[PDB]
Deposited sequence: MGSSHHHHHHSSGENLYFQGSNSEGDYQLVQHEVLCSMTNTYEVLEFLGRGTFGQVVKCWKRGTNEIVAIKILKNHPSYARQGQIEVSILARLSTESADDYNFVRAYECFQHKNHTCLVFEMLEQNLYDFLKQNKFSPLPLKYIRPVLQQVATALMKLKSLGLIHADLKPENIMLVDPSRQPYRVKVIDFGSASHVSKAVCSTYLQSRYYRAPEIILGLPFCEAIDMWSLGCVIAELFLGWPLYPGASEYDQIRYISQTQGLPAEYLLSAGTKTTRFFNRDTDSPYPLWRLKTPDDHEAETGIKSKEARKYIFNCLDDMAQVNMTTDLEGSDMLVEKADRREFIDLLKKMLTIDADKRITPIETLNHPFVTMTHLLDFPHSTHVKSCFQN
């Protein structure tokens, strides 16, 4: 867990520490001799990280919108990163949790989907995509330019992801791949759209309960394959063709001690019902057709990212081709 004060020595530079950033740990340091401020992270989970940072060090961090890693050096192994400004949670919070308009959501989506495409091409799973792991480079001089950070959970093709952004296959204990990151991306853009997480479950039970209430139960063939399914669902009869039912909150609390909570600011009966919420009424004529068409494309993309079966879930390349991202739906105006 190390300690603090001032200064550290690289294999190629020297870094004076100025400020603690959070708990491995991350610290803000001055690249001595330059005008650069950098973020240094001080950590087998480190071996996997450095290797993946290495396999990406050869790729274009700016082109694919993932954080630039400069050098690795032991001192405890340290990792030097470019300094970013603000993660998406602090952005929303600093904005009093008001919705983000779609026109600003679109370029964030496009940059993160691009990074996911780069990761899928290298056979890599990020496994911790979430608003804290997406940072605005400079919200004032480069508005809405973002970098994906934190490959500490990353892996090549258990208990993964941050719970609000966790895919059904991880909740249920199914086989999985890089598709889990696309589910997290859907939860991220929905949250920018709402100003609040879509599925803020306080436990894995509440998480799959929220998802099931808005999207229906996962299909029987998924439930029957999951190693964790019976923690949250009962077979009302034996297979073949069990009648799968979600445990009720009272029943689930009774056998578990976990009390269910209500953490949602919005409860949708289905994802289509999102399309209308928080729209500007003042829009006149052709501007409102634009907005209504933008929202239809956005929920259409959102539903394909939040497809419960990972085999049917849209891929990064295909979202980069979706009209919400490309804006071909707006040419009809």
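Where C-alpha coordinates are absent, the deposited sequence of this PDB chain has the segments 1 to 27, 51 to 53, 74 to 80, 113 to 114, 197 to 202, 379 to 390.
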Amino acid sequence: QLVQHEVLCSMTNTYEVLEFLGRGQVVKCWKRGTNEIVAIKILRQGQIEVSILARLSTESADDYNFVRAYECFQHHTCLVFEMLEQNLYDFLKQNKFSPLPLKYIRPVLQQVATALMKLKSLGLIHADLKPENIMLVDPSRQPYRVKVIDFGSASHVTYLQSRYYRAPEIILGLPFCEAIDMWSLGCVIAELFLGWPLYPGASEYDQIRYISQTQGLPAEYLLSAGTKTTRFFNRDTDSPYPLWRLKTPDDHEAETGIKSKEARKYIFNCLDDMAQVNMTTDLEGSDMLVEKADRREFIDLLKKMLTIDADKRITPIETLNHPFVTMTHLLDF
From here on, numbers count along this sequence of modelled residues.
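The deposited model assigns a higher average Cα B-factor to 77 to 85 than to the other stretch when 201 to 209 and 77 to 85 are compared. Looking at mean Cα B-factors across 256 to 264 and 186 to 194, the upper value is held by 256 to 264. Note on 43, 270, 308, 299: the highest value goes to 43, judged by CA B factor as recorded. Across the residues 67, 37, 50, 274, the deposited record lists the maximum Cα B factor for 50. The PDB entry assigns residue 99 a C-alpha temperature factor belonging to the middle third of its chain's modelled residues. Residue 304: CA B factor lies in the lowest third for its chain, per the PDB record.
Among all modelled residues in this chain, the alpha-carbon of residue 11 has a temperature factor (C-alpha) in the highest third.
Remark: residue 236 belongs to the middle third of its chain, ranked by C-alpha B-factor as recorded. Residue 215: CA B factor lies in the middle third for its chain, per the PDB record.
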